[PDB]
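K.L.:
File upload39.tsv follows (TSV, C-alpha atoms):
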chain	number	residue	atom	x	y	z
W	2	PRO	CA	143.15	83.12	79.54
W	3	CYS	CA	139.51	82.47	78.67
W	4	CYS	CA	136.58	84.33	80.16
W	5	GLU	CA	133.16	82.80	79.51
W	6	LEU	CA	130.27	84.95	80.67
W	7	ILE	CA	126.92	83.11	80.63
W	8	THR	CA	123.89	85.30	81.43
W	9	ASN	CA	120.12	85.64	80.93
W	10	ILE	CA	120.62	89.42	80.68
W	11	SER	CA	120.24	90.95	77.22
W	12	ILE	CA	122.08	94.12	76.13
W	13	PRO	CA	123.06	95.31	72.60
W	14	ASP	CA	126.21	93.96	70.99
W	15	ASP	CA	128.31	97.13	71.49
W	16	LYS	CA	127.42	97.23	75.17
W	17	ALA	CA	128.13	93.49	75.51
W	18	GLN	CA	131.55	94.09	73.87
W	19	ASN	CA	132.14	97.08	76.16
W	20	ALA	CA	131.57	94.92	79.26
W	21	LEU	CA	133.84	92.15	77.95
W	22	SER	CA	136.57	94.69	77.16
W	23	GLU	CA	136.51	95.96	80.79
W	24	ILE	CA	136.67	92.41	82.08
W	25	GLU	CA	139.60	91.78	79.70
W	26	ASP	CA	141.35	94.84	81.16
W	27	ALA	CA	140.89	93.48	84.71
W	28	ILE	CA	142.24	90.04	83.65
W	29	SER	CA	145.23	91.71	82.00
W	30	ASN	CA	145.87	93.82	85.11
W	31	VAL	CA	145.54	91.10	87.76
W	32	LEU	CA	147.06	88.09	85.96
W	33	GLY	CA	149.67	90.02	83.97
W	34	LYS	CA	148.85	87.97	80.89
W	35	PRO	CA	149.21	89.58	77.44
W	36	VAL	CA	146.22	90.81	75.44
W	37	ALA	CA	147.19	88.39	72.61
W	38	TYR	CA	146.15	85.43	74.77
W	39	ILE	CA	142.90	86.79	76.25
W	40	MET	CA	139.58	85.38	75.07
W	41	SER	CA	136.17	86.56	76.28
W	42	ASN	CA	132.55	85.86	75.46
W	43	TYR	CA	129.06	87.04	76.37
W	44	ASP	CA	126.75	84.04	75.99
W	45	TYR	CA	123.09	85.06	76.16
W	46	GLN	CA	121.17	82.16	77.67
W	47	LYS	CA	117.48	82.95	78.10
W	48	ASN	CA	116.69	79.87	80.22
W	49	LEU	CA	119.51	80.39	82.73
W	50	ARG	CA	118.40	79.96	86.36
W	51	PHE	CA	119.90	80.54	89.73
W	52	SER	CA	118.45	80.01	93.19
W	53	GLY	CA	115.33	78.45	91.65
W	54	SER	CA	114.38	81.44	89.50
W	55	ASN	CA	114.97	83.02	86.09
W	56	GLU	CA	115.83	86.42	87.65
W	57	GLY	CA	118.81	88.26	86.06
W	58	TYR	CA	121.98	86.30	86.74
W	59	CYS	CA	125.59	85.94	85.59
W	60	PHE	CA	128.00	83.02	85.68
W	61	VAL	CA	131.66	83.55	84.69
W	62	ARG	CA	134.14	80.78	84.05
W	63	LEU	CA	137.71	82.01	83.95
W	64	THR	CA	140.33	79.55	82.66
W	65	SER	CA	144.04	80.41	82.91
W	66	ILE	CA	147.45	78.78	82.66
W	67	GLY	CA	148.55	79.78	86.17
W	68	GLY	CA	147.61	82.91	88.11
W	69	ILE	CA	144.85	80.94	89.87
W	70	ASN	CA	145.43	81.59	93.58
W	71	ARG	CA	143.65	83.14	96.55
W	72	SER	CA	144.95	86.68	95.94
W	73	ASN	CA	144.26	86.86	92.19
W	74	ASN	CA	140.94	85.03	92.47
W	75	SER	CA	139.73	87.40	95.21
W	76	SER	CA	140.85	90.47	93.24
W	77	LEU	CA	139.18	89.30	90.00
W	78	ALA	CA	136.01	88.15	91.79
W	79	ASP	CA	135.64	91.65	93.22
W	80	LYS	CA	136.46	93.49	89.98
W	81	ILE	CA	134.45	91.26	87.62
W	82	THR	CA	131.37	91.27	89.87
W	83	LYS	CA	131.43	95.09	90.00
W	84	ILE	CA	131.77	95.37	86.20
W	85	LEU	CA	128.80	93.05	85.71
W	86	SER	CA	126.64	94.92	88.24
W	87	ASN	CA	127.54	98.23	86.62
W	88	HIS	CA	126.91	97.27	82.98
W	89	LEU	CA	124.30	94.49	83.23
W	90	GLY	CA	122.44	95.60	86.39
W	91	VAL	CA	122.87	92.13	87.93
W	92	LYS	CA	122.66	91.81	91.73
W	93	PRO	CA	126.03	90.82	93.28
W	94	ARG	CA	124.20	87.92	94.99
W	95	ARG	CA	123.30	86.65	91.52
W	96	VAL	CA	126.89	86.46	90.22
W	97	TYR	CA	128.94	83.24	90.39
W	98	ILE	CA	132.55	83.02	89.23
W	99	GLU	CA	134.54	79.82	88.72
W	100	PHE	CA	138.34	79.88	88.41
W	101	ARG	CA	140.06	77.04	86.50
W	102	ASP	CA	143.83	76.43	86.50
W	103	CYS	CA	145.01	74.59	83.40
W	104	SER	CA	148.31	73.14	82.23
W	105	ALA	CA	150.29	74.71	79.34
W	106	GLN	CA	150.59	71.30	77.62
W	107	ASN	CA	146.80	71.13	77.24
W	108	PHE	CA	146.54	74.26	75.09
W	109	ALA	CA	147.22	74.88	71.43
W	110	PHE	CA	147.43	78.07	69.41
W	111	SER	CA	147.71	78.30	65.61
W	112	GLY	CA	147.78	74.48	65.33
W	113	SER	CA	150.59	73.74	67.79
W	114	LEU	CA	150.91	73.14	71.54
W	115	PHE	CA	152.41	75.60	74.01
W	116	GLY	CA	154.40	72.86	75.76
E	2	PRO	CA	126.56	73.83	91.94
E	3	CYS	CA	126.24	74.57	88.22
E	4	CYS	CA	124.29	72.33	85.89
E	5	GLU	CA	124.75	73.03	82.19
E	6	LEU	CA	122.41	71.06	79.91
E	7	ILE	CA	123.32	71.26	76.22
E	8	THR	CA	120.81	69.68	73.80
E	9	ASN	CA	119.64	69.73	70.17
E	10	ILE	CA	116.08	69.12	71.42
E	11	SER	CA	113.73	72.08	71.13
E	12	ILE	CA	111.07	72.50	73.83
E	13	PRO	CA	108.99	75.52	74.91
E	14	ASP	CA	110.60	77.92	77.40
E	15	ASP	CA	108.09	77.06	80.15
E	16	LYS	CA	108.80	73.33	79.70
E	17	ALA	CA	112.57	73.95	79.72
E	18	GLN	CA	112.11	75.81	83.03
E	19	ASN	CA	110.08	72.91	84.49
E	20	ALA	CA	112.74	70.36	83.52
E	21	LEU	CA	115.52	72.48	85.00
E	22	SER	CA	113.56	72.85	88.25
E	23	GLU	CA	113.31	69.03	88.56
E	24	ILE	CA	117.05	68.61	87.89
E	25	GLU	CA	117.76	71.27	90.56
E	26	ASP	CA	115.66	69.28	93.04
E	27	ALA	CA	117.56	66.07	92.29
E	28	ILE	CA	120.91	67.88	92.71
E	29	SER	CA	119.79	69.33	96.04
E	30	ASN	CA	118.62	65.91	97.20
E	31	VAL	CA	121.78	63.99	96.31
E	32	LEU	CA	124.45	66.62	97.06
E	33	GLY	CA	122.65	68.31	99.96
E	34	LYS	CA	123.22	71.67	98.32
E	35	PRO	CA	120.35	74.19	98.68
E	36	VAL	CA	118.57	75.30	95.51
E	37	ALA	CA	119.80	78.81	96.53
E	38	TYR	CA	123.26	77.62	95.48
E	39	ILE	CA	122.25	75.94	92.24
E	40	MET	CA	122.69	77.35	88.78
E	41	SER	CA	121.07	75.50	85.88
E	42	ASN	CA	120.67	76.06	82.17
E	43	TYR	CA	118.98	74.67	79.08
E	44	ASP	CA	121.27	75.53	76.16
E	45	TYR	CA	119.57	74.77	72.85
E	46	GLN	CA	122.28	73.86	70.37
E	47	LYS	CA	120.62	72.88	67.10
E	48	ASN	CA	123.74	71.47	65.44
E	49	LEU	CA	124.85	69.39	68.44
E	50	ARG	CA	125.88	65.90	67.32
E	51	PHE	CA	126.50	62.54	68.91
E	52	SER	CA	127.56	59.25	67.36
E	53	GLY	CA	127.75	60.89	63.89
E	54	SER	CA	124.30	62.47	63.78
E	55	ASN	CA	122.11	65.39	64.87
E	56	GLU	CA	119.49	63.00	66.37
E	57	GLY	CA	118.06	63.96	69.81
E	58	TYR	CA	120.89	64.11	72.32
E	59	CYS	CA	121.68	65.70	75.71
E	60	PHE	CA	125.04	66.49	77.33
E	61	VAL	CA	125.04	67.65	80.97
E	62	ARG	CA	128.01	69.17	82.76
E	63	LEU	CA	127.59	69.28	86.53
E	64	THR	CA	130.06	71.28	88.60
E	65	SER	CA	129.98	71.23	92.40
E	66	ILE	CA	132.14	72.28	95.33
E	67	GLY	CA	132.45	68.78	96.76
E	68	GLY	CA	129.97	65.91	96.59
E	69	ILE	CA	131.67	64.52	93.47
E	70	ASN	CA	132.14	60.77	94.12
E	71	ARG	CA	131.03	57.34	92.84
E	72	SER	CA	127.83	57.10	94.93
E	73	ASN	CA	126.61	60.65	94.24
E	74	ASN	CA	127.63	60.55	90.54
E	75	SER	CA	125.84	57.23	90.00
E	76	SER	CA	122.70	58.45	91.77
E	77	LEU	CA	122.60	61.71	89.80
E	78	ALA	CA	123.36	59.97	86.50
E	79	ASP	CA	120.24	57.85	87.06
E	80	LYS	CA	117.99	60.68	88.26
E	81	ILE	CA	119.02	63.28	85.65
E	82	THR	CA	118.83	60.83	82.76
E	83	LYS	CA	115.27	59.87	83.80
E	84	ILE	CA	114.18	63.52	83.99
E	85	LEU	CA	115.60	64.22	80.53
E	86	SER	CA	113.99	61.20	78.88
E	87	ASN	CA	110.63	62.03	80.45
E	88	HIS	CA	110.61	65.80	79.77
E	89	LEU	CA	112.63	65.91	76.55
E	90	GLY	CA	111.94	62.50	74.95
E	91	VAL	CA	115.67	61.85	74.55
E	92	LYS	CA	116.80	58.21	74.57
E	93	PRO	CA	118.89	57.34	77.62
E	94	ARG	CA	121.58	56.04	75.22
E	95	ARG	CA	121.87	59.61	73.92
E	96	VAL	CA	122.51	61.22	77.32
E	97	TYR	CA	126.08	61.99	78.45
E	98	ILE	CA	126.84	63.54	81.86
E	99	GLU	CA	130.17	64.92	83.11
E	100	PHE	CA	130.88	65.55	86.81
E	101	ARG	CA	133.34	68.26	87.85
E	102	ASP	CA	134.67	69.07	91.32
E	103	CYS	CA	135.79	72.60	92.27
E	104	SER	CA	137.66	73.92	95.30
E	105	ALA	CA	135.91	76.61	97.38
E	106	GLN	CA	138.93	78.92	96.90
E	107	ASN	CA	138.32	78.72	93.16
E	108	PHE	CA	134.69	79.81	93.35
E	109	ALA	CA	133.16	83.20	94.12
E	110	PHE	CA	129.69	84.47	94.99
E	111	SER	CA	128.66	88.13	95.44
E	112	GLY	CA	132.24	89.23	94.68
E	113	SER	CA	133.89	87.05	97.35
E	114	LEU	CA	135.51	83.61	97.40
E	115	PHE	CA	133.74	80.74	99.17
E	116	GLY	CA	135.39	79.19	102.19
E	117	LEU	CA	137.29	80.43	105.17
E	118	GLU	CA	140.61	81.81	105.28
K	2	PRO	CA	135.09	62.32	73.60
K	3	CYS	CA	133.40	65.72	73.45
K	4	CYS	CA	134.38	68.49	71.08
K	5	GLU	CA	132.85	71.89	71.71
K	6	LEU	CA	133.55	74.47	69.01
K	7	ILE	CA	132.73	78.06	69.93
K	8	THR	CA	133.08	80.63	67.15
K	9	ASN	CA	131.97	84.08	66.00
K	10	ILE	CA	131.89	82.85	62.39
K	11	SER	CA	128.42	82.08	61.05
K	12	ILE	CA	127.93	79.36	58.44
K	13	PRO	CA	124.78	77.44	57.34
K	14	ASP	CA	123.76	74.32	59.28
K	15	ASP	CA	124.79	71.89	56.54
K	16	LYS	CA	128.27	73.43	56.41
K	17	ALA	CA	128.51	73.53	60.21
K	18	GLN	CA	127.75	69.80	60.40
K	19	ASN	CA	130.22	69.02	57.63
K	20	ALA	CA	133.01	70.74	59.60
K	21	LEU	CA	131.92	68.80	62.70
K	22	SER	CA	131.90	65.50	60.76
K	23	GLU	CA	135.52	66.13	59.67
K	24	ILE	CA	136.53	66.96	63.25
K	25	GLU	CA	134.79	63.78	64.42
K	26	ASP	CA	136.75	61.76	61.85
K	27	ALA	CA	140.05	63.26	63.03
K	28	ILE	CA	139.15	62.59	66.68
K	29	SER	CA	138.15	58.99	65.88
K	30	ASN	CA	141.47	58.40	64.09
K	31	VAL	CA	143.86	60.01	66.58
K	32	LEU	CA	142.21	58.83	69.82
K	33	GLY	CA	141.32	55.38	68.43
K	34	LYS	CA	137.71	55.85	69.54
K	35	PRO	CA	134.69	54.97	67.42
K	36	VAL	CA	132.33	57.74	66.25
K	37	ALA	CA	129.72	56.10	68.57
K	38	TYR	CA	131.53	57.74	71.49
K	39	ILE	CA	132.00	61.21	69.98
K	40	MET	CA	129.96	64.32	70.74
K	41	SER	CA	130.56	67.51	68.78
K	42	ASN	CA	129.02	70.95	68.56
K	43	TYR	CA	129.21	74.19	66.60
K	44	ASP	CA	128.21	77.05	68.92
K	45	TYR	CA	127.83	80.37	67.11
K	46	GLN	CA	128.68	83.14	69.57
K	47	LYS	CA	128.60	86.47	67.74
K	48	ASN	CA	130.19	88.45	70.59
K	49	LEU	CA	133.16	86.09	71.06
K	50	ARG	CA	136.46	88.01	71.34
K	51	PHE	CA	140.13	87.12	71.12
K	52	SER	CA	143.25	89.30	71.46
K	53	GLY	CA	140.99	92.32	72.07
K	54	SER	CA	138.88	92.04	68.93
K	55	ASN	CA	135.69	90.53	67.53
K	56	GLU	CA	137.49	89.41	64.34
K	57	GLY	CA	136.88	85.81	63.14
K	58	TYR	CA	137.96	83.34	65.82
K	59	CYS	CA	137.49	79.74	66.95
K	60	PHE	CA	137.80	78.24	70.40
K	61	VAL	CA	137.75	74.44	70.77
K	62	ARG	CA	137.35	72.49	74.00
K	63	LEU	CA	138.14	68.79	73.61
K	64	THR	CA	137.32	66.54	76.56
K	65	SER	CA	138.34	62.89	76.65
K	66	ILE	CA	138.51	60.05	79.15
K	67	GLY	CA	142.21	59.38	78.62
K	68	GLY	CA	144.05	60.04	75.35
K	69	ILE	CA	145.08	63.50	76.56
K	70	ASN	CA	148.85	63.57	76.00
K	71	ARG	CA	151.54	65.37	74.00
K	72	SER	CA	151.35	63.25	70.82
K	73	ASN	CA	147.55	63.12	70.55
K	74	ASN	CA	147.09	66.80	71.55
K	75	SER	CA	149.72	67.87	69.00
K	76	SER	CA	148.21	65.78	66.21
K	77	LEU	CA	144.62	66.92	66.88
K	78	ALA	CA	145.71	70.55	67.32
K	79	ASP	CA	147.18	70.37	63.83
K	80	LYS	CA	144.24	68.53	62.24
K	81	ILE	CA	141.43	70.54	63.85
K	82	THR	CA	143.08	73.90	63.09
K	83	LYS	CA	143.45	72.95	59.41
K	84	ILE	CA	139.80	71.85	59.25
K	85	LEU	CA	138.60	75.12	60.80
K	86	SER	CA	140.75	77.27	58.50
K	87	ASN	CA	139.54	75.32	55.43
K	88	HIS	CA	135.85	75.15	56.38
K	89	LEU	CA	135.30	78.43	58.26
K	90	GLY	CA	138.00	80.67	56.75
K	91	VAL	CA	139.45	81.49	60.19
K	92	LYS	CA	143.14	82.36	60.42
K	93	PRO	CA	145.16	79.60	62.15
K	94	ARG	CA	146.47	82.28	64.55
K	95	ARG	CA	142.88	82.81	65.74
K	96	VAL	CA	142.29	79.16	66.58
K	97	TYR	CA	142.67	78.35	70.27
K	98	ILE	CA	142.28	74.76	71.56
K	99	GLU	CA	141.89	73.43	75.10
K	100	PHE	CA	142.34	69.74	75.91
K	101	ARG	CA	140.61	68.29	78.99
K	102	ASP	CA	141.03	64.89	80.65
K	103	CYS	CA	138.10	63.42	82.57
K	104	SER	CA	138.11	60.40	84.87
K	105	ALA	CA	135.82	57.51	83.92
K	106	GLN	CA	134.31	57.74	87.43
K	107	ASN	CA	133.16	61.30	86.58
K	108	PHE	CA	131.34	60.49	83.35
K	109	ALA	CA	128.01	58.74	82.75
K	110	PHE	CA	126.26	57.40	79.68
K	111	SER	CA	122.75	55.96	79.42
K	112	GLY	CA	122.11	56.62	83.13
K	113	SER	CA	125.17	54.73	84.43
K	114	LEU	CA	128.78	55.63	85.20
K	115	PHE	CA	131.52	54.78	82.67
K	116	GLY	CA	132.39	52.29	81.56
Written as structure tokens, that's how I'd like the structure from this file.

P.N.:
Amino acid sequence: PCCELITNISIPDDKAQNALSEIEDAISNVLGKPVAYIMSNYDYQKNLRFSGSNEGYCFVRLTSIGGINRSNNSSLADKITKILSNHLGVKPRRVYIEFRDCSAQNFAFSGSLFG
Amino acid sequence: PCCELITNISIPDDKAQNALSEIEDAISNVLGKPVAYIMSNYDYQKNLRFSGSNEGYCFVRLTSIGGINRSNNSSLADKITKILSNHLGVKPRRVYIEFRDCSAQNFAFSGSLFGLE
Amino acid sequence: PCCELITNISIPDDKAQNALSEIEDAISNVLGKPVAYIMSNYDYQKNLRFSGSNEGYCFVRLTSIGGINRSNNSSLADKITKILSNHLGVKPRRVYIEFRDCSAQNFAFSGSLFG
């Protein structure tokens, strides 16, 4: 799975990595997908806006081959939002999360398709 | 909705904010979605290329829970492209826009999924 | 087509664009699409993580209106991974590629829908 965090909140690299690691743990726990396949990123975007302002805000896009369903999505939305509020100080009402279900045939690793 | 602008065109932060605000207004007008629900971003990507060169270019990805259809897409393609050319100086022929639909069950706000039930 | 490269490997702009040019060539060949239609990007993301570490890694998202299929995906997965290993020094096993199909109705160019 892939976890893209896009935020106008700035924290040092170790603390950014710490937050990603906790999100990775939640993804591992809820989806049951192996660490080997988990990607995460903290993309600092100074011009990011939500609700017509540049106030602190986070958007997460989570892409997964399966595991995208009401139960998992609700669990991860709760967990990920809490992690972000804790480590980045973002208001829960300034956190959006998108869940994307993708097909195995549309992914490649080390130059070959999963199939 | 989420509106991700990716461009190799450098403009001052205040001007980037102004352009994003105008795009937000167009999105609200066409899709009927309140600004309160709109995310937008100006992602300066200096090495972004189109048609084999690093010449001025904009790519926009617009994601919305519904409202993705021929009439709305056409209207927003026209409105957004005009805003970009005006504010950024990009040539319309170097503006790409992608439209993405999302189900409410696959989108969360304040730690909870959108939709009922 | 659009090819978004996201990587925690930093290289100078001239070298970044060279890698992109080679990727563009490969895309043009495999998908039978002229360079005129190809967008590419090199997005340096220093905090990007894969498999639980911040070690050198490349993620590629390739979006096309059609041309997303086993043969094309397989061929491009092979070609793009080789390019990235050659040009960026990344290990093939830390190259992850996502292929996306987009409808022509959901893409616009020059202010008008495709096309």

K.L.:
Could you tell me how far atom CA of residue 52 of chain W sits from atom CA of residue 11 of chain E, in Å to one decimal place?

P.N.:
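Pair atom CA of residue 11 of chain E / atom CA of residue 52 of chain W returns 23.9 Å.
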
K.L.:
Sort by chain and increasing residue number a table of all residues of chain W within 6 Å of chain E, each with its closest pair of atoms and their distance in Å to one decimal, counting all atoms listed in the file, and write it as CSV.

P.N.:
residue,atom,partner,partner_atom,distance
W:48,CA,E:43,CA,5.8
W:49,CA,E:42,CA,4.5
W:50,CA,E:41,CA,5.2
W:51,CA,E:40,CA,4.3
W:52,CA,E:37,CA,3.8
W:53,CA,E:36,CA,5.9
W:78,CA,E:112,CA,4.9
W:79,CA,E:112,CA,4.4
W:82,CA,E:112,CA,5.3
W:93,CA,E:111,CA,4.3
W:94,CA,E:111,CA,4.5
W:96,CA,E:111,CA,5.8
W:97,CA,E:110,CA,4.8
W:98,CA,E:109,CA,4.9
W:99,CA,E:108,CA,4.6
W:100,CA,E:107,CA,4.9

K.L.:
Could you please take those selected residues and save C-alpha atoms as a PDB file, in the frame of the given file?

P.N.:
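File written: result11.pdb
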ATOM      1  CA  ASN W  48     116.690  79.870  80.220  1.00  0.00           C
ATOM      2  CA  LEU W  49     119.510  80.390  82.730  1.00  0.00           C
ATOM      3  CA  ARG W  50     118.400  79.960  86.360  1.00  0.00           C
ATOM      4  CA  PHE W  51     119.900  80.540  89.730  1.00  0.00           C
ATOM      5  CA  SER W  52     118.450  80.010  93.190  1.00  0.00           C
ATOM      6  CA  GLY W  53     115.330  78.450  91.650  1.00  0.00           C
ATOM      7  CA  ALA W  78     136.010  88.150  91.790  1.00  0.00           C
ATOM      8  CA  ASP W  79     135.640  91.650  93.220  1.00  0.00           C
ATOM      9  CA  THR W  82     131.370  91.270  89.870  1.00  0.00           C
ATOM     10  CA  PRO W  93     126.030  90.820  93.280  1.00  0.00           C
ATOM     11  CA  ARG W  94     124.200  87.920  94.990  1.00  0.00           C
ATOM     12  CA  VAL W  96     126.890  86.460  90.220  1.00  0.00           C
ATOM     13  CA  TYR W  97     128.940  83.240  90.390  1.00  0.00           C
ATOM     14  CA  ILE W  98     132.550  83.020  89.230  1.00  0.00           C
ATOM     15  CA  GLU W  99     134.540  79.820  88.720  1.00  0.00           C
ATOM     16  CA  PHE W 100     138.340  79.880  88.410  1.00  0.00           C
TER      17      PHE W 100
END

K.L.:
Can you build me a table of chain W residues sitting at most 6 Å from chain K, with the closest atom pair per residue and its distance in Å to one decimal, using only C-alpha atoms, sorted by chain and residue number, as CSV?

P.N.:
residue,atom,partner,partner_atom,distance
W:36,CA,K:52,CA,5.2
W:37,CA,K:52,CA,4.2
W:38,CA,K:52,CA,5.9
W:39,CA,K:52,CA,5.4
W:40,CA,K:51,CA,4.4
W:41,CA,K:50,CA,5.2
W:42,CA,K:49,CA,4.4
W:107,CA,K:100,CA,4.9
W:108,CA,K:99,CA,4.7
W:109,CA,K:98,CA,4.9
W:110,CA,K:97,CA,4.8
W:111,CA,K:94,CA,4.3
W:112,CA,K:79,CA,4.4
W:113,CA,K:78,CA,5.8
W:114,CA,K:75,CA,6.0

K.L.:
Might you pull out every residue within 9 Å of residue 27 of chain E, with only C-alpha atoms counted and same-chain residues fewer than 3 positions away left off, and present them as a PyMOL selection string?

P.N.:
chain E and resi 22-24+30-32+77+80-81

K.L.:
Interatomic distance between atom CA of residue 56 of chain E and atom CA of residue 9 of chain E?

P.N.:
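Spanning atom CA of residue 56 of chain E to atom CA of residue 9 of chain E is a straight-line distance of 7.7 Å.
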
K.L.:
Atom CA of residue 46 of chain E and atom CA of residue 100 of chain E are how many Å apart?

P.N.:
20.3 Å

K.L.:
Would you compute, for all listed atoms of segment 107-114 of chain W, the axis-aligned bounding box grown by 5 Å on each side, and then report its centre and edge lengths in Å rounded to one decimal, as AutoDock Vina command-line options?

P.N.:
--center_x 148.7 --center_y 74.7 --center_z 71.3 --size_x 14.4 --size_y 17.2 --size_z 21.9

K.L.:
Using all atoms listed in the file, which of E:19, E:117, E:28, E:51 sits nearest residue 78 of chain E?

P.N.:
E:28

K.L.:
Mind checking which residues fall within 10 Å of residue 35 of chain W, counting all atoms listed in the file, ignoring those fewer than 6 positions away in the same chain, and posting them as a PDB file with C-alpha atoms, keeping the file's coordinate frame?

P.N.:
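Dumped to selection_13.pdb:
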ATOM      1  CA  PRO W   2     143.150  83.120  79.540  1.00  0.00           C
ATOM      2  CA  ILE W  28     142.240  90.040  83.650  1.00  0.00           C
ATOM      3  CA  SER W  29     145.230  91.710  82.000  1.00  0.00           C
TER       4      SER W  29
ATOM      5  CA  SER K  52     143.250  89.300  71.460  1.00  0.00           C
TER       6      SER K  52
END

K.L.:
Step by step: start from the point (123.9, 69.0, 78.1) in the file's coordinates, keep every protein, DNA or RNA residue that has an atom no farther than 6 Å from it, count only C-alpha atoms, and write the set as number ranges by chain.

P.N.:
E: 5-8, 59-61
